[PDB]
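Here is the structure we will look at.
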Amino acid sequence: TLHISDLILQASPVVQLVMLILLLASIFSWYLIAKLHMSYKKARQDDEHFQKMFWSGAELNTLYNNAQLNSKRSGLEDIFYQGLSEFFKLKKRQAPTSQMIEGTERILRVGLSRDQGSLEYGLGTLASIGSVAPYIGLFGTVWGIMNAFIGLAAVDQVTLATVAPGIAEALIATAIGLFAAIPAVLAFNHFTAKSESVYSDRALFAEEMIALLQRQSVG
Amino acid sequence: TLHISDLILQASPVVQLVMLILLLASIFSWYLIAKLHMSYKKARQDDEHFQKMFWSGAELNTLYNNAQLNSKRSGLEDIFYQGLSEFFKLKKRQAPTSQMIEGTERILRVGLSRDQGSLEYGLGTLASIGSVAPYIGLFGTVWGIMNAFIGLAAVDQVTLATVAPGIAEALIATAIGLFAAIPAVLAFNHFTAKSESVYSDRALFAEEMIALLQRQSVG
Amino acid sequence: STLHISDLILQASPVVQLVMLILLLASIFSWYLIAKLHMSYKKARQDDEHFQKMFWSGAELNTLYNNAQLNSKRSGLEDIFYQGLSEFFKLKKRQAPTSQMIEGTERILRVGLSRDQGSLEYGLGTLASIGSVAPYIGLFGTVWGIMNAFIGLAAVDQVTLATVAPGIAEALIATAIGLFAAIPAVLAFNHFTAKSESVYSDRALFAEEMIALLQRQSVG
Amino acid sequence: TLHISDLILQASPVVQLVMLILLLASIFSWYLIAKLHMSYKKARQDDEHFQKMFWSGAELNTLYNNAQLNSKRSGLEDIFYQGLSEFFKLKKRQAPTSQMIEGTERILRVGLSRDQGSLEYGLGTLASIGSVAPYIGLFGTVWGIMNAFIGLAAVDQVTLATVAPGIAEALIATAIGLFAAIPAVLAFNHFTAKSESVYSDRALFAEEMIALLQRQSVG
Amino acid sequence: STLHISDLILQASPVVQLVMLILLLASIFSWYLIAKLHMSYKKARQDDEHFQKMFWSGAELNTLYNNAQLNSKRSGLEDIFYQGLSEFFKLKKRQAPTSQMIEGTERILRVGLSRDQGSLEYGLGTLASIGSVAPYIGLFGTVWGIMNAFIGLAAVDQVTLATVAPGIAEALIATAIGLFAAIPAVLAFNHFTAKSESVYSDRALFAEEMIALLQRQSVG
Amino acid sequence: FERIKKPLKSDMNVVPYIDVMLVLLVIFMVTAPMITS
Amino acid sequence: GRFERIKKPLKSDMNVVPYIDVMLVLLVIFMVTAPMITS
Numbered sequence: 008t009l010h011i012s013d014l015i016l017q018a019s020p021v022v023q024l025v026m027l028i029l030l031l032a033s034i035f036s037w038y039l040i041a042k043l044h045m046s047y048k049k050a051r052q053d054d055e056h057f058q059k060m061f062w063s064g065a066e067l068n069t070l071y072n073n074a075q076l077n078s079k080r081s082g083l084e085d086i087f088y089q090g091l092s093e094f095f096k097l098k099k100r101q102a103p104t105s106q107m108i109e110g111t112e113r114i115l116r117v118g119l120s121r122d123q124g125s126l127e128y129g130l131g132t133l134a135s136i137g138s139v140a141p142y143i144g145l146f147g148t149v150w151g152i153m154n155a156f157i158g159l160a161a162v163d164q165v166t167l168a169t170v171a172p173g174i175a176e177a178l179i180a181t182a183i184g185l186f187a188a189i190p191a192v193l194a195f196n197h198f199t200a201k202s203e204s205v206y207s208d209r210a211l212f213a214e215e216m217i218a219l220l221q222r223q224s225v226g
Numbered sequence: 008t009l010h011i012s013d014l015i016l017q018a019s020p021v022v023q024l025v026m027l028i029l030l031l032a033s034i035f036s037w038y039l040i041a042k043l044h045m046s047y048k049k050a051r052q053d054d055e056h057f058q059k060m061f062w063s064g065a066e067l068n069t070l071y072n073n074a075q076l077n078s079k080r081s082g083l084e085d086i087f088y089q090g091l092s093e094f095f096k097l098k099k100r101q102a103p104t105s106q107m108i109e110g111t112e113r114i115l116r117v118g119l120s121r122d123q124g125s126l127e128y129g130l131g132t133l134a135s136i137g138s139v140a141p142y143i144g145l146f147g148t149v150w151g152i153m154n155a156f157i158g159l160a161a162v163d164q165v166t167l168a169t170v171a172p173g174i175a176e177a178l179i180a181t182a183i184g185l186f187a188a189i190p191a192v193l194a195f196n197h198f199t200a201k202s203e204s205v206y207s208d209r210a211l212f213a214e215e216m217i218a219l220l221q222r223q224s225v226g
Numbered sequence: 007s008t009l010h011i012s013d014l015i016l017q018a019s020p021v022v023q024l025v026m027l028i029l030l031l032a033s034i035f036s037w038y039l040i041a042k043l044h045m046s047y048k049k050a051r052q053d054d055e056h057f058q059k060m061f062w063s064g065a066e067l068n069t070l071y072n073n074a075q076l077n078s079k080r081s082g083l084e085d086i087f088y089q090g091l092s093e094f095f096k097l098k099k100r101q102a103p104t105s106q107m108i109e110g111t112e113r114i115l116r117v118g119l120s121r122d123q124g125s126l127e128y129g130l131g132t133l134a135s136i137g138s139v140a141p142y143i144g145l146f147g148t149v150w151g152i153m154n155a156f157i158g159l160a161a162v163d164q165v166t167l168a169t170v171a172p173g174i175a176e177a178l179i180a181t182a183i184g185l186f187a188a189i190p191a192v193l194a195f196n197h198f199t200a201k202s203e204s205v206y207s208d209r210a211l212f213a214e215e216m217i218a219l220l221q222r223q224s225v226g
Numbered sequence: 008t009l010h011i012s013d014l015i016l017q018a019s020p021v022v023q024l025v026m027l028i029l030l031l032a033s034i035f036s037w038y039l040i041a042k043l044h045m046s047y048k049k050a051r052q053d054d055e056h057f058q059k060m061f062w063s064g065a066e067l068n069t070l071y072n073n074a075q076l077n078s079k080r081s082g083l084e085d086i087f088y089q090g091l092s093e094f095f096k097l098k099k100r101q102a103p104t105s106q107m108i109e110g111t112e113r114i115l116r117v118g119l120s121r122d123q124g125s126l127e128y129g130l131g132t133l134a135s136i137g138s139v140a141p142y143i144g145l146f147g148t149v150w151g152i153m154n155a156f157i158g159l160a161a162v163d164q165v166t167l168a169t170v171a172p173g174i175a176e177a178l179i180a181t182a183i184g185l186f187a188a189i190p191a192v193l194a195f196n197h198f199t200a201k202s203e204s205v206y207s208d209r210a211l212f213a214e215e216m217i218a219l220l221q222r223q224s225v226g
Numbered sequence: 007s008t009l010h011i012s013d014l015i016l017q018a019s020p021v022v023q024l025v026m027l028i029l030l031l032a033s034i035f036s037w038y039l040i041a042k043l044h045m046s047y048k049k050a051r052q053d054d055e056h057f058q059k060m061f062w063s064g065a066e067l068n069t070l071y072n073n074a075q076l077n078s079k080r081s082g083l084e085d086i087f088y089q090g091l092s093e094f095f096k097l098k099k100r101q102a103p104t105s106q107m108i109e110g111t112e113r114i115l116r117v118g119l120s121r122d123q124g125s126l127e128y129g130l131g132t133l134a135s136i137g138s139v140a141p142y143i144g145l146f147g148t149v150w151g152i153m154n155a156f157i158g159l160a161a162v163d164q165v166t167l168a169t170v171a172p173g174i175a176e177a178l179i180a181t182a183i184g185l186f187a188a189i190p191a192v193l194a195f196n197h198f199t200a201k202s203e204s205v206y207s208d209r210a211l212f213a214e215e216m217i218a219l220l221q222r223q224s225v226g
Numbered sequence: 009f010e011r012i013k014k015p016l017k018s019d020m021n022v023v024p025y026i027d028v029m030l031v032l033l034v035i036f037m038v039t040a041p042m043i044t045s
Numbered sequence: 007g008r009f010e011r012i013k014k015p016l017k018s019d020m021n022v023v024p025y026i027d028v029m030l031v032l033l034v035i036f037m038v039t040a041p042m043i044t045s
């Protein structure tokens with residue numbers, strides 16, 4: 008006649024605090040998963056849109072004008088526009104093509120690093136939560152068992168009916184810790200895989216852009 | 008066969024959900040292992056076939072033409088065809104030799120990276136499964152011991168029947184966790200090693216190609 | 007139970023007592039490192055923003071070079087700037103072309119950034135080691151505690167709670183202290199490596215914009 | 008009445024051999040820690056002494072002659088000597104400044120790689136010990152549990168007193184296992200961190216060397 | 007050891023026997039490959055040091071090239087030198103600028119060095135696989151043994167510990183043999199990858215010194 | 009030649025699976041002498 | 007970014023959680039709880 012809620016509402020203060028921290032960590036992790044999933048979906052959609060717009064065969068300058076007229080550009084549009092704008096910044100001056108190519112590479116690397124840093128917002132937070140939730144839950148379990156045994160060690164001969172439901176309260180600490188750690192680990196692995204995929208795609212596009220610029224610039 | 012099929016039913020709904028997720032994960036992992044093994048074997052065969060065709064001493068433009076006629080080409084015969092293509096796209100132009108070789112370098116690197124990324128399709132899924140399944144197995148075991156203790160705390164005279172199904176849940180959960188977690192990690196490690204071997208072989212071949220093109224270009 | 011855990015520590019096994027002593031010293035050392043590194047990074051952030059606003063106020067490079075001369079207590083980008091453009095002057099006193107001028111300037115900026123960043127991440131590797139290993143020391147403690155519990159069980163003819171209690175007590179306290187000394191180390195290491203990467207990225211961007219501004223001044 | 012050394016002497020030969028191997032491994036690990044600690048302390052002291060002498064303000068040719076006259080040339084002094092030997096050899100014949108700097112950079116990189124490899128002598132051995140000693144302890148534990156079961160299969164009635172000394176042996180095996188892995192993992196991590204620090208310091212000094220050489224060469 | 011181990015290995019459940027047989031064959035194969043690859047590494051190291059001393063013995067470079075010509079069984083770093091300098095002279099016969107000659111020689115040295123390094127560590131991946139797979143296949147064997155021991159008394163008889171103990175005693179042979187076949191594999195893998203790192207570093211540094219000598223002699 | 013992928017610096021810890029199992033062993037070894045048929 | 011070490015790059019493996027000592031722990035639990043519960 009015992010419920011999980013009946014275990015949660017009454018316990019020692021320490022394990023209750025531990026379970027509260029684990030619940031808050033789980034809620035925070037779910038919020039971060041939702042937000043970062045939305046961000047990755049938007050980034051992927053913008054990436055594919057830009058690839059189809061670029062390799063359509065339209066003039067490179069016309070793509071620059073399209074970037075200029077757009078204000079909401081964030082992804083491959085934005086980094087592409089920075090790169091090409093800096094490239095024409097050196098066409099309007101006089102300089103050899105080699106160091107212009109190096110500068111375009113530098114600005115593309117800066118852009119990729121900036122957008123990737125702003126894109127993986129709280130991935131390290133998920134890493135930390137998934138790494139320490141089981142440890143906090145296990146500490147709660149250890150403290151609950153310790154409190155149960157110290158409270159019931161000299162009161163005559165204790166019966167299973169007197170020690171079992173405090174062991175239950177100790178165990179629920181690590182149960183909640185694993186429940187708050189499963190989403191964190193899953194989302195961290197999946198989302199770092201997606202981050203690697205997106206960054207690889209962006210780097211390959213940057214290399215192809217340098218190839219096209221070099222080929223058209225040498226003449 | 009029938010006894011385990013009995014004890015998996017009439018379990019607590021959470022632990023039953025645990026066994027369902029782990030069995031589906033195990034099936035999905037085995038499917039991925041089979042498909043990735045077939046893909047890597049086919050990639051190795053095509054690699055060795057193109058190796059013996061290219062180092063046979065045939066003329067270079069003949070190999071390019073055979074790449075042209077083939078439409079279902081994949082692997083090196085594609086990446087080859089790509090890189091040397093840009094070379095001709097630079098040889099129609101009056102680009103210098105060094106820039107020519109650098110462009111061929113870059114197109115070969117892009118092709119190698121893209122095809123190798125397309126080769127490891129679901130390896131990240133194996134990583135996620137092998138990294139999460141022990142957590143879920145431990146959660147199942149903990150919840151089984153939980154249910155055993157809850158049942159024990161309300162029966163007074165604790166028989167074997169009041170503690171049996173919690174322990175049975177814990178052992179089944181941990182067994183399914185091991186069974187769905189070990190072949191994922193082992194396959195991940197093995198297939199990452201094989202992928203690194205394939206990438207090293209492809210990179211060495213692409214460099215040999217650059218060497219031959221440079222030696223032919225200098226005249 | 008703060009009145010009785012101390013006593014549980016006293017009559018424990020000597021080797022497990024040594025285990026909890028090492029873990030408590032590790033916990034204190036880790037908290038000291040967390041406090042010191044937090045103070046250092048806060049000071050670094052404040053000085054970074056101060057020098058950014060003092061540069062982009064709109065002053066001229068020679069004046070800020072003089073400020074970098076007189077500020078003997080200079081640190082962070084101050085010193086970075088103080089070094090880099092100094093090399094620029096040291097290749098402007100002799101006649102030199104702008105190409106290797108900027109090459110040498112950016113080399114000095116890179117050396118300064120690497121040196122200061124190495125000086126900034128002082129002991130987070132120690133935090134990594136503590137957070138990675140203290141669970142295993144707790145594992146050793148709990149194994150030895152269960153071992154002593156079984157030795158005491160073997161000695162006594164009849165099984166009794168009074169026989170198994172002290173070994174399980176040692177094991178549980180060892181595991182608890184291991185977790186308590188491990189969790190803050192991991193949290194601090196993740197947070198502080200993320201913030202260190204942020205600082206390094208900002209410094210690298212500043213160095214690039216610095217070389218760009220020196221190039222645009224040199225052409226002008 | 009059951010002291011620890013009593014069960015060490017009262018032991019099955021296989022587990023006794025396991026603890027003997029683990030104790031020898033622990034002693035060997037401590038010896039390597041002491042030796043590598045002495046080596047790193049000496050290397051750091053020599054590094055700081057040479058940096059302070061080189062930035063004191065003495066003329067470059069004078070310090071080069073001091074390095075040539077010294078027959079020990081431990082560590083970074085040998086790096087200086089090799090770098091400037093290459094630089095003077097390239098300067099003796101007519102050569103452009105860029106080629107001279109590139110050659111000096113390559114010889115400095117070769118020197119740093121060789122000396123840093125020679126500095127971290129037995130780190131791989133600590134890696135192997137810290138990775139394998141727990142598995143040897145595990146083998147000891149498995150054999151102890153095996154022997155406990157074999158001994159149990161003879162006694163008419165089993166109690167806890169008839170199984171405790173076997174489980175104690177199986178547990179002291181893995182206790183000794185864990186004892187021989189803490190000094191190994193800690194030393195490996197701390198010493199690879201120190202190795203990275205020393206190599207970064209040497210590389211920064213080499214870059215400052217290149218800066219000084221280029222500045223003196225431009226004139 | 008003890009005749010009891012002989013009693014346990016000469017009779018068991020058939021799939022448990024198959025698992026012991028596969029682990030024994032894996033252990034024998036691992037030992038054979040460790041011996042062979044140790045001999046290969048020792049020969050490679052000896053030849054490497056011999057040619058290093060011969061190359062830095064002050065001998066004229068073209069004389070060393072002609073020695074490479076007249077050698078019939080060149081291997082290791084000898085073939086590396088031969089490929090690099092042969093391709094260098096092949097790009098020297100055609101009119102090529104010095105920079106491209108050095109770049110081509112560097113690329114052929116790197117390709118050949120990667121080729122020879124791959125051909126050197128032949129069975130290292132096999133040690134990796136054995137050290138990763140053996141203990142878990144032994145664990146599977148021992149789990150199947152314990153499950154078989156329990157199901158053999160699914161007809162209840164009695165599940166008392168004194169009756170089921172021999173069924174677990176037979177089962178633990180699987181995991182014991184798995185660990186016994188895994189420890190040599192992991193130890194040799196670690197030691198031999200350390201030796202592989204040493205050999206590769208030595209080869210690469212010699213290649214860089216080769217490039218330095220060729221560049222130095224190129225300018226004249 | 010280089011593969012295009014960036015390494016990540018944050019790493020996750022192994023699950024304290026053995027620690028929880030030894031806690032369960034402690035619970036069972038303390039609960040065992042309390043049960044009587 | 008220019009004076010990096012000359013070494014073959016090292017690849018880490020996804021660490022597998024050891025179930026062997028887990029099975030030993032389960033056998034220890036069985037061994038300590040069986041004599042009381044079977045009689």
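Chains as they are written, first to last, in the deposited numbering: chain D, 8 to 226; chain E, 8 to 226; chain C, 7 to 226; chain B, 8 to 226; chain A, 7 to 226; chain G, 9 to 45; chain F, 7 to 45. C-beta atoms are modelled at their ideal positions from N, C-alpha and C, and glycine is treated no differently.
- With fewer than 16 other CB atoms across the displayed protein chains lying within 10 angstroms of its CB, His10 (chain A) is exposed.
- Burial check for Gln89 (chain E): the Cβ neighbour count within 10 Å reaches 16 or more, so the residue is buried.
- The beta carbon of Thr181 (chain A) sits closer than 7 Å to some beta carbon of chain F.
- By the rule that beta-carbons nearer than 7 Å mark a contact, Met153 (chain E) touches chain D.
- Among the CB atoms of chain C, none fall inside 7 Å of the CB of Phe94 (chain D).
- Taking a contact to require three or more Cβ pairs closer than 8 Å, the stretch 115-127 of chain E and the stretch 180-188 of chain E do not qualify as touching.
- Interface residue (Cβ-Cβ distance to chain C less than 7 Å): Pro172 (chain B) is classified as such.
- Annotated three-state conformation of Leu9 (chain D) is coil, per DSSP.
- By the Cβ criterion, the stretch 143-159 of chain E is not in contact with the stretch 206-219 of chain E, since fewer than three pairs of Cβ atoms, one from each stretch, lie closer than 8 Å.
- Residue state for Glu127 (chain D) is assigned as coil, using DSSP reduced to three classes.
- Of all C-beta pairs linking the stretch 192-209 of chain A to the stretch 102-113 of chain A, fewer than three are shorter than 8 Å, placing the two stretches out of contact.
- In terms of CA proximity to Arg222 (chain C), D:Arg100 leads the group D:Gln23, D:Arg100, D:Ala171 and D:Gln223.
- Rounded to whole angstroms, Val21 (chain C) and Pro20 (chain E) show a C-alpha spacing of 45 Å.
- Taking the Cα of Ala18 (chain D) as reference, the smallest distance to any Cα among D:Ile114, D:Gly173, D:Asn72 and D:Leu31 is reached at D:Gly173.
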